[PDB]
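# Observations on the model geometry
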Amino acid sequence: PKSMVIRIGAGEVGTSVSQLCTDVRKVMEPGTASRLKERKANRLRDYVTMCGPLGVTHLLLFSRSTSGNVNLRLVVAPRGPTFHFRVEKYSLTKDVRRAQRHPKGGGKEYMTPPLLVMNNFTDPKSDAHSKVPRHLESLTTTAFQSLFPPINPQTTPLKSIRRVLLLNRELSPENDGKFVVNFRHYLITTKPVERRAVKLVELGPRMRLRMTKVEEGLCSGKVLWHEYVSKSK
Amino acid sequence: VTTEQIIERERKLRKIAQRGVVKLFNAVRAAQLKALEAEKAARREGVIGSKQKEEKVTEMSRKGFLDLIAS
Amino acid sequence: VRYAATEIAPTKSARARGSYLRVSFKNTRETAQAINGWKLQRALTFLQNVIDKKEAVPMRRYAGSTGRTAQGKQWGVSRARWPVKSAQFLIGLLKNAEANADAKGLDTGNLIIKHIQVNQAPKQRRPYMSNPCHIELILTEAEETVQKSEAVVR
């Protein structure tokens, strides 16, 4: 499982989005191309035709609209699906380190991918309102479970286990809530109190995602569910 | 004020993530240690030693301990 | 008269036979010659690497020029390939031999392949004829050399 983070979605790039994408790539290490330098003449076609032979399975695209709104498109190579998230609030890794009293610099931990922890997403039916649960949430779970390599607790070295990626859903299984996606990154510190204490340190970035819209293919296909626009039958 | 309250909610869900990380931690450690001890609890080279039976036994073992720790 | 060298002790030895196997005789012969005379763990890891495309079996007698890579340096042969089904069935047969030796009560640590013979099998009468093979391999614990007691004069 390989993933790449690209800014080709935006017409032009700035310092803030560049730092955000650098942080996202750092999160995606070691299964990502760090030296990927985006150029203005490049396009989604060129990047997917690079993903093809490179065996990349997942692609994050950071786009910026003329209004300044930022969108994160999580696509699965090489034929979709596509998930449109909207940026509500974001913080840089530099800002997180500055705010933290004891920031920790990335090190040998770059060799190990983070473990995915997923909270408040409703897989089983609680109200038979299948349209949000049985259409969107299971796809979210599968999409991230495939974004990160499958984790076998019975073979994973605990000393290699060093990073965690939190996806917390502000939403209840009764389809009541703010439908907010919380993306965060934490570093594991194991302290001997065998009884071991696990302390999690913010690494960033903090991401506030609005689950806006979906596509079957790579930036193509019928709208399967759009929050604001429901198409008649 | 309101922002500050947002950051106490921040540490709240931070502690929720901490509990999740800790439970995954001790679940993995206990499952691995117990399954390895159980599989080593045999004869010098096991009762069978042909490895086709032990692979399936080891799979059933991690599965039982994983289910027991999960619920 | 002359006496032929006696066979190694059956309870220091282990035998394995596979008859009517549906793998090419030339490929099986080449793989057997490559793995002949080696340590058991060495042979198993070698065949696993052959499956994993890591190490190559050199062709000497039944050699058809297919690959000329750097993997042939360790054998000094310029023609090396990767017999997959050969490696897999031979792994199965040495695993069977190891199980037989364990049943007989031999030291698993010191099994070495003294003998491996590949013969042709009756042709599969289907003009396109298949070439099945018979493979028999004989393993032993490493030969043991022990101390002398000092001779007493009298």
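In this report, the structure presented in the accompanying data block is examined. (Residues numbered from 1 in each chain as written, not as in the entry; some residues may be left out. Chains lettered and ligands numbered in written order. Part of a larger assembly, values for the part shown. Heavy atoms only, no water.)

## Topic: the pattern of salt bridges
The criterion, for reference: By convention in these notes, a salt bridge is any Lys or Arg side-chain nitrogen within 4 Å of a carboxyl oxygen on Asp or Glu. Helix numbers and strand numbers start at the N terminus; a helix is a DSSP run of H or I with at least 4 residues, a strand a run of E with at least 2. Residue burial is assigned from relative accessible area. The probe radius is 1.4 Å, only protein chains are included, and a residue is buried under 20% of its type maximum, exposed over 50%, and partly exposed in between.
Counting across every chain of the model gives 17 salt bridges over all chains. Across the pair A:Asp95 and A:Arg98 runs a salt bridge, and its minimum N-O distance is 2.8 Å. Of this pair, A:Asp95 and A:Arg98 both sit in helix α3 (residues 93–99), three residues apart, roughly one helical turn. Residue A:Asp95 is classed as partly exposed on the basis of its relative accessible area of 28%. Of the residues examined, A:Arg98 reaches a relative accessible area of 62% and is grouped as exposed. Its salt-bridge partner being B:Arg11, residue B:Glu8 comes within 3.8 Å of it at the nearest N-O pair. Placement of both B:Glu8 and B:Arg11 in helix α1 (residues 2–40) is noted, with a separation of three residues, approximately one turn of the helix. B:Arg11 gets classed as partly exposed once you look at its relative accessible area, which sits at 38%. One network of salt bridges, with partners in common, ties together A:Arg184, A:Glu202, A:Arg206 and B:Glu10.

## As for the pairing of strand β6 (residues 163–170) of chain A
All names here are of chain A. What counts is decided by this rule: Pairing between strands is defined by DSSP: at least two bridges between the two strands are required. For a crossover, the right-handed case is the one in which the path from the first strand over the helix to the second runs clockwise, viewed with the strands pointing away from the viewer.
The buried fraction of β6 is high, at seven of eight residues. Sheet topology places strand β5 (residues 115–119) next to β6; five bridges connect them, and they run parallel. Across the sheet, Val-117 pairs through a bridge with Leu-166, a residue of β6. Handedness of the crossover joining β5 and β6 through helix α4 (residues 133–147): left-handed. Taken together, the eight bridges between β6 and strand β7 (residues 180–192) define a ladder with antiparallel strand orientation. Of the residues in β7, the one forming a bridge with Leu-166 is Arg-184.

## Some thoughts on the sheet that holds strand β1 (residues 13–21) of chain C
Residue and element names in this part refer to chain C. Inclusion rule: Helix axes are fitted only over the stretch in contact, all axes being lines through C-alpha atoms; the angle between N-to-C directions runs from 0 to 180 degrees. Between two residues, a contact is recorded if the distance between any of their heavy atoms is within 4.5 Å.
The strand order β1-β5-β4 describes an open sheet built from three strands, whose pairing is antiparallel. Edge strands, defined here as strands with exactly one partner in the open sheet, are β1 and β4 (111–120). Taken over all neighbouring pairs, the strand axes of this sheet differ in orientation by 10 degrees on average, direction set aside. Where β1 lies against strand β5 (residues 133–141), seven bridges are found, and the strand directions are antiparallel. Bridge pairing in β5 places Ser-13 opposite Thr-140. Strand contacts of helix α1 (residues 25–35): β4 and β5, with the helix running at about 160 degrees to β4, the strand carrying the most contacts. Across the sheet, helix α3 (residues 84–104) lies against β1, β4 and β5, angled at about 145 degrees from β1, the strand it touches most.

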